[PDB]
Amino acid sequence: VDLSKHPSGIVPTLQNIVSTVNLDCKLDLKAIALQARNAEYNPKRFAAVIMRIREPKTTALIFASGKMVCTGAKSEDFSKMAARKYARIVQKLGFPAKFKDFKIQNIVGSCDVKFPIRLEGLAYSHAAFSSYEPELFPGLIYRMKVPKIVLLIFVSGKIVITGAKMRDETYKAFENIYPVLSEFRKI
């Protein structure tokens, strides 16, 4: 375990990657929904072809403008491999799709500090960063400014870390919050 990059000794696990790419070419969404297989389309509910592949396990949102959203991957590279596979499926349907401006847009991670947390005390002493309303949602919402990352912190000690575009931002946010969480361990 690289304690130079993770002084806490804990490495958050990447759970979800959102990326975007531009095929540059215009698409016929209705025709794609007829020819492609694992593909749904209902334009009066949403203006995109929803397509899924098995490996990497992802879901694509494909728009008539040529833009594509890839969701569900476990790593930045699985997200790119998936986006290329969808773009290849689009190319085998008669469309001159390209792979322009691929970009990681969101990285979701999670981890466990292995001790309970007094969420109320954390919200009290960090009122400017925290939103905690247990009657609405059992997790405390921590809006970290540097880096700009949102953390969902639970009594169990599990944490959700979302909003990063580089994984180092996921790790840095967790390393910033870890000594704060230790200050609010529950008996």
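Numbering starts at 1 and follows the sequence shown.
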request  = Going by the average Cα B-factor in the PDB entry, point out whether 27 to 35 or 52 to 60 comes out higher.
outcome  = 27 to 35
Which of 17 to 25 and 162 to 170 has higher mean CA B factor, as the PDB entry lists it = 17 to 25
request  = From the list 91, 75, 106, 110, select the residue with the highest C-alpha B factor recorded in the entry.
outcome  = 91
key: Lowest, middle or highest third - CA B-factor, residue 128   = highest
remark   = Assert third(CA B-factor, residue 43) within chain per record equals highest
